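# Observations on the model geometry
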Amino acid sequence: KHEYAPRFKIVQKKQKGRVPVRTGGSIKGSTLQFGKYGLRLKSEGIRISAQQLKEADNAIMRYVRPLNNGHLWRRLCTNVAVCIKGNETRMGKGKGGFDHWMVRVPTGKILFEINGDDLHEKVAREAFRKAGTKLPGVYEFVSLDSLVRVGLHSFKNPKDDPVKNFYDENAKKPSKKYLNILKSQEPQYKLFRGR
Amino acid sequence: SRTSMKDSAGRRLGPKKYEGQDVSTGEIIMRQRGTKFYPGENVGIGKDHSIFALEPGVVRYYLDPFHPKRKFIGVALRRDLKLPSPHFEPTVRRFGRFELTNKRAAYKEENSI
RNA sequence: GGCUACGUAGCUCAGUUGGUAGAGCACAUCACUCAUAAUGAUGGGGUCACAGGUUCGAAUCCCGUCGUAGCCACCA
RNA sequence: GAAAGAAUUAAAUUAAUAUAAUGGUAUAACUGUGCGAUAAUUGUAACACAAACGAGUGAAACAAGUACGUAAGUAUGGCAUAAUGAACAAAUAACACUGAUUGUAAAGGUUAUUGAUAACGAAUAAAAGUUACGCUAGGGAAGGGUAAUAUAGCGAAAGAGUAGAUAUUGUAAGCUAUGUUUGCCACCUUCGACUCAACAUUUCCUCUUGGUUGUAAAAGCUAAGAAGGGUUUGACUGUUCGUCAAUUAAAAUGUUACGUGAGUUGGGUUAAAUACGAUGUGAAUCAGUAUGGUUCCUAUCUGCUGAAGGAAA
RNA sequence: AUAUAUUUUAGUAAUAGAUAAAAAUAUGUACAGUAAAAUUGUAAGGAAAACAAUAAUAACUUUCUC
RNA sequence: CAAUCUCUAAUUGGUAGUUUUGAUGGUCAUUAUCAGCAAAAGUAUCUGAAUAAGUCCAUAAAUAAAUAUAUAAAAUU
RNA sequence: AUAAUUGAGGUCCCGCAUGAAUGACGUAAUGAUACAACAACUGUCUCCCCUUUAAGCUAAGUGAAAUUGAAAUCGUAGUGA
RNA sequence: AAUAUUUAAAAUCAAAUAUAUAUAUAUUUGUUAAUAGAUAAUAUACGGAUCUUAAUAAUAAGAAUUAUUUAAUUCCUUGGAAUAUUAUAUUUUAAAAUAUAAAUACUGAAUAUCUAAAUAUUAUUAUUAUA
RNA sequence: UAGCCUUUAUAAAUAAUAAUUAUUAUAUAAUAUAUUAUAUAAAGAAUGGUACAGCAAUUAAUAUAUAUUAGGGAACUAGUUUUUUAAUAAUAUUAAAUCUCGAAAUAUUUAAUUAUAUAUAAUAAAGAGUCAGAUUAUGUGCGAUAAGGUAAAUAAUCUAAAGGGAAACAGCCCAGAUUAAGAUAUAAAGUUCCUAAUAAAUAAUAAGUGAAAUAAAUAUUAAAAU
Ligand SMILES: [Mg+2]
Ligand SMILES: [Mg+2]
Ligand SMILES: [Mg+2]
Ligand SMILES: [Mg+2]
Ligand SMILES: [Mg+2]
Ligand SMILES: [Mg+2]
Ligand SMILES: [Mg+2]
Ligand SMILES: [Mg+2]
Ligand SMILES: [Mg+2]
Ligand SMILES: [Mg+2]
Ligand SMILES: [Mg+2]
Ligand SMILES: [Mg+2]
Ligand SMILES: [Mg+2]
Ligand SMILES: [Mg+2]
Ligand SMILES: [Mg+2]
Ligand SMILES: [Mg+2]
Ligand SMILES: [Mg+2]
Ligand SMILES: [Mg+2]
Ligand SMILES: [Mg+2]
Ligand SMILES: [Mg+2]
Ligand SMILES: [Mg+2]
Ligand SMILES: [Mg+2]
Ligand SMILES: [Mg+2]
Ligand SMILES: [Mg+2]
Ligand SMILES: [Mg+2]
Ligand SMILES: [Mg+2]
Ligand SMILES: [Mg+2]
Ligand SMILES: [Mg+2]
Ligand SMILES: [Mg+2]
Ligand SMILES: [Mg+2]
Ligand SMILES: [Mg+2]
Ligand SMILES: [Mg+2]
Ligand SMILES: [Mg+2]
Ligand SMILES: [Mg+2]
Ligand SMILES: [Mg+2]
Ligand SMILES: [Mg+2]
Ligand SMILES: [Mg+2]
Ligand SMILES: [Mg+2]
Ligand SMILES: [Mg+2]
Ligand SMILES: [Mg+2]
Ligand SMILES: [Mg+2]
Ligand SMILES: [Mg+2]
Ligand SMILES: [Mg+2]
Ligand SMILES: [Mg+2]
Ligand SMILES: [Mg+2]
Ligand SMILES: [Mg+2]
Ligand SMILES: [Mg+2]
Ligand SMILES: [Mg+2]
Ligand SMILES: [Mg+2]
Ligand SMILES: [Mg+2]
Ligand SMILES: [Mg+2]
Ligand SMILES: [Mg+2]
Ligand SMILES: [Mg+2]
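Residues numbered from 1 in each chain as written, not as in the entry; some residues may be left out. Chains lettered and ligands numbered in written order. Part of a larger assembly, values for the part shown. Heavy atoms only, no water.

Per the PDB entry, chain B goes by the name bL27m and belongs to Saccharomyces cerevisiae. Each PDB entry has a title, and for this one the record gives "Structure of the yeast mitochondrial ribosome - Class A".

The PDB entry annotates chain A as uL16m originating from Saccharomyces cerevisiae. Checking UniProt for chain A, the heading Subunit contains the comment "Component of the mitochondrial large ribosomal subunit (mt-LSU). Mature yeast 74S mitochondrial ribosomes consist of a small (37S) and a large (54S) subunit. The 37S small subunit contains a 15S ribosomal RNA (15S mt-rRNA) and 34 different proteins. The 54S large subunit contains a 21S rRNA (21S mt-rRNA) and 46 different proteins." UniProt, in its Sequence similarities section for chain A, records the words "Belongs to the universal ribosomal protein uL16 family." (UniProt positions renumbered as here; feature names shortened; annotations may be inferred.)

Here's what the structure looks like:
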């Protein structure tokens with residue numbers, strides 16, 4: 001509903017920033033969560049405007065609405081407010097006025113997701129290709145068995161990466177603050193703190 | 001047009017004296033906005049929460065179990081002392097005065113009340 | 001920072017050189033006219049500008065600052 | 001087993017903080033309450049932080065006095081970081097320091113206090129415009145870059161096309177090229193006409209060819225090859241352009257310092273004169289209108305057009 | 001029971017608790033305490049007036065008791 | 001009266017000497033807070049600010065609260 | 001009006017932003033003023049051609065000028081204050 | 001063969017290094033190409049020539065592009081050893097055997113060294129005449 | 001005026017610059033469950049909140065044949081169910097200049113030790129010049145993730161630096177000219193010729209692709225792996 005037009009109460013101008021190249025191997029929003037088939041970015045990290053996203057959504061919908069129990073999950077919201085000065089105006093003299101909403105999209109991230117009752121995968125693939133024709137990146141069809149993109153030419157299965165109880169790890173190799181707290185909890189300090 | 005071209009300078013609010021550093025009485029160990037560091041052993045605190053040394057010694061940053069979730073800056077009277085000092089041991093104190101070996105000076109001091 | 005002189009009724013204005021709550025004025029009802037209205041008579045509200053003293057007796061004198069613009073000073 | 005107390009643990013600083021925002025604050029800096037109303041005191045302040053100077057900030061300690069607290073102690077205004085202004089010249093007090101012959105005085109000094117210089121390190125107590133009649137010293141304290149726009153193309157194809165997205169058409173969004181427009185940058189300080197044109201091809205005509213339920217024929221439409229040859233004369237306007245008239249096989253689009261003023265012109269743009277409308281108190285002014293109105297050059301080199309001499313044939 | 005005299009009371013006014021997030025003295029000091037939101041309710045009361053209630057007691061001290 | 005000399009006041013582009021900030025098409029110039037600021041500190045531009053400041057708060061809730069009531073004392077009665 | 005007129009004249013009046021001695025309006029005459037039309041004329045032009053004289057050119061004599069860091073001073077593309 | 005993905009060393013396998021060590025653990029490395037798309041104005045414009053190899057047939061050429069490498073090739077632990085190569089000499093019948101060598105790729109600065117000269121300073125000397 | 005530069009000097013002078021040690025844990029050995037030594041591992045005394053990472057709280061975004069709160073319809077005789085409309089909850093998934101509960105490296109930075117002394121700091125007395133900067137790389141603000149643009153941050157070079165390379169070249173890659181000499185090591189860059197110097201190995205390309213200034217989506221044709 002509000003993914004292409006956030007309702008920040010205090011509307012305000014924003015700096016340009018940069019699209020996060022996720023050097024640490026994030027895989028956040030790079031996985032199929034809601035649907036069966038999806039459309040992910042394949043190229044270098046890119047900014048997608050609100051209008052472009054809307055058009056992609058519309059393109060996808062043409063295939064989704066005919067389906068029985070058809071659904072489209074829009075995975076990303078255009079949260080960054082972009083202002084622009086005109087091409088007509090000189091440089092300097094303040095910042096330009098609000099123009100459009102935009103989203104910073106890392107390399108591996110999923111944009112859309114679909115799942116119908118009577119949805120064959122070929123149709124879904126076609127729809128997602130047609131959606132990609134309207135967006136500024138280069139995109140890729142992603143199924144539930146197809147594995148998570150991280151880099152431009154690199155891949156990963158989330159099933160592989162290890163599970164860890166971090167409290168236990170902390171206890172094993174404790175910080176100074178934690179040790180101080182533990183000492184405080186002990187009786188030769190707790191009795192004589194005198195509050 | 002109307003531009004937002006106005007800002008105060010930076011308040012120089014780092015630590016002004018570091019761990020293991022020799023100090024003198026009066027010297028500022030920390031400038032800060034509110035007690036990020038609390039005044040520890042042999043150390044005072046000012047109006048602007050500025051930690052300053054009460055005695056000559058060695059600046060030490062530490063945690064104390066009595067005050068968990070609070071960082072401290074204190075001044076150890078020597079380099080030998082671990083400055084979160086043992087609680088039930090006697091306080092390491094500085095006399096900090098000198099006897100008036102000079103006779104006249106001693107006499108003057110005796111006279112003065 | 002000091003010094004003035006003015007601020008009655010909803011409107012306009014008296015009154016002022018002390019022993020007064022007065023006047024038309026626009027406003028609502030009767031009156032008169034064929035039927036309007038001009039004209040004739042009904043009444044209307046004032047802490048006599050916030051607020052204290054001297055004469056049994058001051059709206060008027062004296063006397064605190066509200067207020068309105070002045071005036072002086074200081075203006076390096 | 002029960003009651004009461006002491007409390008501890010968890011959570012919380014999201015409330016509250018005189019006031020912005022940030023940091024801090026429950027051990028509370030927040031809140032309530034007694035006393036008080038004192039420390040919103042007086043002389044010396046080292047040493048640090050910050051820092052060009054001028055200033056600014058934290059502050060141990062020594063001495064005088066005060067308030068609260070059983071005491072320990074705490075208080076030199078406010079949880080902190082804004083809340084401000086130099087000298088000079090005046091003004092008011094206190095000080096007992098100087099007292100221009102001596103004594104008084106005046107006047108100056110010390111100490112405390114006063115009002116502003118917001119263009120806010122404050123030039124004076126006190127200062128706005130105009131010039132196309134202008135002058136001097138200097139500085140540059142279309143080309144180049146860019147490609148948002150513009151022009152052209154490509155991919156995908158919603159949708160028109162009597163039916164069929166792709167004969168022809170092709171929304172909004174996607175990917176490029178160009179440096180032909182309008183911009184942006186600031187390295188770098190004249191429009192049109194005439195004359196002669198050279199180059200490009202993104203081809204307007206002519207030649208070859210693919211597609212065209214939308215190629216029966218004929219006219220077309222669209223696309224590929226193709227730059228050999230060719231591609232206008234008049235009325236209006238300074239105009240390029242545009243409107244129209246009459247033609248043409250066609251009347252293509254650019255580049256060349258938007259080719260070409262040491263080749264011509266000077267209608268536009270342009271200074272001195274003048275008037276009009278508007279603006280201004282005015283001098284005068286204008287992304288205004290109108291009449292008038294100033295540059296010249298024998299060619300040294302390059303280059304090109306012709307013509308000789310010398311030469312190694 | 002009634003008369004006079006001399007007095008006394010009635011000026012009728014909130015805090016009764018070291019009060020603790022209604023409002024009020026914004027700097028000192030001493031002592032003490034904890035806010036807010038949300039939720040469940042309740043006369044007018046309704047989304048929005050007020051009041052109530054809403055985390056855990058192991059160990060410790062004292063008291064009574066099987 | 002008026003004229004002249006000396007003093008004093010009103011008026012003046014009549015006339016003379018000067019001036020017309022730095023940054024911009026009325027707005028910004030001093031101070032504080034955060035971001036920009038890249039985990040010390042500092043850090044700019046006609047950068048973004050729900051930006052904020054030229055302050056505000058004091059002489060006050062007092063007085064009374066132990067020798068007392070007739071008579072007699074004054075070792076506290 | 002012209003084959004065709006952003007010019008000229010006539011007329012209309014949302015006069016962006018006319019107006020009465022900063023005069024208003026309509027005429028006769030005048031004007032090397034400015035704009036437009038008709039006639040006549042023409043080398044202005046279609047479209048240039050021929051001729052004449054003075055230069056230009058050559059020989060003799062006399063003899064400048066601006067300019068000039070030094071020059072043994074080609075094209076193209078690239079580069080580069 | 002057919003259909004549909006992916007173009008990957010994360011997982012997986014293989015190979016190598018390091019810790020106890022015939023194994024385990026940890027680390028490191030290994031996963032497409034071509035063409036079209038393609039484009040303006042003085043003149044082709046990798047700096048230019050030019051570069052993709054070919055038997056017969058050479059004492060002889062065969063990227064001068066892209067990617068990963070080496071300094072002849074293979075094991076052992078920069079070094080040695082073996083292997084063939086190449087060149088040469090000797091001996092024997094243009095070949096065979098023996099042995100010697102080459103294997104340190106090279107170019108390259110006004111860098112460094114060496115080689116000499118100068119000045120200045122520091123520290124030692126020698127000779128000659130604040131010695 | 002300070003910053004940076006120069007000259008002359010001063011010491012009860014190393015205060016300067018660089019690194020190490022400093023910590024945590026494990027195993028082994030020796031003393032009294034602790035201490036010391038040895039070895040190994042760990043981005044390893046103190047200070048920090050950027051990258052990264054994350055969705056906690058704040059600010060934002062999405063989904064539920066899930067639950068609650070009411071509303072709009074709807075079927076039988078006001079009660080009830082369903083298809084729902086918003087809010088709240090629950091669960092799952094997401095991001096931000098002014099969010100950071102996790103969190104680097106670089107950084108700031110302290111003592112002693114070692115190494116630099118033909119070297120540094122500090123102080124004293126004196127002289128300046130400079131206050132138009134440029135480019136390259138990285139991280140940003142503005143611009144349009146445009147500019148040989150603009151604004152600052154860090155480093156280097158140019159400025160003021162000749163020499164080799166990058167065709168030519170202020171700022172790029174090497175390297176700092178006291179004067180020569182030219183044997184030896186070389187740097188960056190090169191070794192068919194122009195032009196100083198070359199031979200190999202294994203793959204791939206056939207397009208002159210390319211050969212020192214890499215042009216995109218997309219299309220076609222192959223090639224591997226599943
Ligand atoms: Mg992120
Ligand atoms: Mg700040
Ligand atoms: Mg406060
Ligand atoms: Mg706060
Ligand atoms: Mg400092
Ligand atoms: Mg100073
Ligand atoms: Mg306080
Ligand atoms: Mg003055
Ligand atoms: Mg005298
Ligand atoms: Mg000024
Ligand atoms: Mg100033
Ligand atoms: Mg000034
Ligand atoms: Mg002035
Ligand atoms: Mg004029
Ligand atoms: Mg250009
Ligand atoms: Mg159709
Ligand atoms: Mg379109
Ligand atoms: Mg036909
Ligand atoms: Mg063509
Ligand atoms: Mg021909
Ligand atoms: Mg004509
Ligand atoms: Mg031109
Ligand atoms: Mg010319
Ligand atoms: Mg010329
Ligand atoms: Mg004339
Ligand atoms: Mg004048
Ligand atoms: Mg911060
Ligand atoms: Mg910062
Ligand atoms: Mg930093
Ligand atoms: Mg910082
Ligand atoms: Mg006409
Ligand atoms: Mg004409
Ligand atoms: Mg007039
Ligand atoms: Mg006239
Ligand atoms: Mg005349
Ligand atoms: Mg002659
Ligand atoms: Mg040059
Ligand atoms: Mg691996
Ligand atoms: Mg070319
Ligand atoms: Mg080359
Ligand atoms: Mg040398
Ligand atoms: Mg100086
Ligand atoms: Mg040292
Ligand atoms: Mg930040
Ligand atoms: Mg944290
Ligand atoms: Mg400057
Ligand atoms: Mg620049
Ligand atoms: Mg210079
Ligand atoms: Mg150089
Ligand atoms: Mg240098
Ligand atoms: Mg040198
Ligand atoms: Mg080529
Ligand atoms: Mg090239």
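Time to look at the interface of chain B and chain A. Listed per partner, the contact involves 11 residues of chain B and 13 residues of chain A. Buried surface at the junction of chain B and chain A, both sides included, amounts to about 1,000 Å², of which 66% is carbon and sulfur. Where chain B packs against chain A, one counts zero salt bridges. Where chain B touches chain A, the interface holds four residue pairs in polar contact. When contributions to the side of chain B that touches chain A are tallied by element, the ones reaching two or more residues are β6 (57-64) and β7 (67-76) of chain B. (Contact = heavy atoms within 4.5 Å. Buried area = accessible area lost by both parts, 1.4 Å probe. Salt bridge = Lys/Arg side-chain N within 4 Å of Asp/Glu carboxyl O. Polar contact = N/O pair within 3.5 Å; in protein donor to acceptor, adjacent residues only side chain to side chain. Helix = DSSP H or I, 4+ residues; strand = E, 2+ residues; numbered from the N terminus.)

This part covers the packing of aromatic side chains. This model, assessed by the stated rule, comprises 10 aromatic pairs over all chains. Taking the centre distance of 5.8 Å and the plane angle of 20° together, the rings of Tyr 62 of chain B and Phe 72 of chain B count as stacked. Remark: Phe 72 of chain B occurs in strand β7 and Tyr 62 of chain B occurs in strand β6; sequence separation between them is 10 residues. For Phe 72 of chain B, a relative accessible area of 6% puts it in the buried group. Members of the aromatic cluster, joined through ring pairs, are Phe 8, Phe 98 and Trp 101 of chain A. (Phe/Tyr/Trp six-rings, centres within 6.5 Å; stacked < 30°, edge-to-face > 60°. Buried < 20%, exposed > 50% of the residue type's maximum accessible area, 1.4 Å probe, protein only.)

Residues and elements named next belong to chain A. Under the counting rule described, the total for this entry stands at 10 salt bridges over all chains. We note a salt bridge from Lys 130 to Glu 126, for which the minimum N-O separation is 2.7 Å. Here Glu 126 and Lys 130 lie together in helix α2 (residues 121-132), a separation of four residues that amounts to about one turn. Relative accessible area serves as the criterion here: at 28%, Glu 126 is assigned to the partly exposed category. Here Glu 140 makes a salt bridge to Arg 149, at a shortest N to O gap of 2.6 Å. Side by side, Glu 140 and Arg 149 carry an identical accessibility label, which is buried.

Our next topic: the pairing of strand β4 (residues 97-105) of chain A. Where strand β2 (residues 46-49) of chain A and β4 of chain A come together, four bridges link them in antiparallel fashion. The residue of β4 of chain A that forms the bridge with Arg 47 of chain A is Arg 104 of chain A. (Pairing = 2+ DSSP bridges.)

Residue and element names in this part refer to chain A. The grouping of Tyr 178, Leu 179 and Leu 182 at the surface amounts to a nonpolar patch, some 230 Å² of accessible area in total. Within the secondary structure, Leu 179 sits in helix α4 (residues 176-185). Residue class for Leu 179 comes out partly exposed when judged on its relative accessible area of 35%. (Patch = residues over 30% accessible without salt bridge, like charges linked within 9 Å, V, L, I, M, F, W, Y side chains within 5 Å. Areas by Shrake-Rupley, 256 points an atom, 1.4 Å probe, with all protein chains shown as cover.)

Turning next to the side chain of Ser 49 of chain A. Within the secondary structure, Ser 49 of chain A sits in strand β2. Excluding its chain neighbours within four sequence positions, the residues that come into contact with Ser 49 of chain A are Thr 78, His 100, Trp 101 and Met 102 of chain A.

A few words now on α2 of chain A. Residues and elements named next belong to chain A. Between its first and last C-alpha atoms α2 spans 16 Å; for 12 residues at 1.5 Å apiece the expected length is 16 Å, and the two agree. Every buried residue of α2 is accounted for by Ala 124, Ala 127, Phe 128, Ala 131 and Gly 132. For α2, the buried positions fall inside an angular range of 140° around the axis, keeping them on one side. Those residues of α2 hidden inside the fold are in contact with β1 (37-41), α1 (50-64), β5 (110-114) and β6 (139-143). (Expected span 1.5 Å × (residues − 1). Arc of directions from axis to C-beta.)

Here we take up the state of the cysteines. All names here are of chain A. Per the stated rule, a full pass over the model turns up zero disulfides over all chains. For the unlinked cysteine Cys 77, the closest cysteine sulfur is that of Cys 83, found at 16 Å. Residue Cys 77 is classed as partly exposed on the basis of its relative accessible area of 33%. For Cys 83, a relative accessible area of 13% gives the class buried. (Disulfide = S-S within 2.5 Å.)

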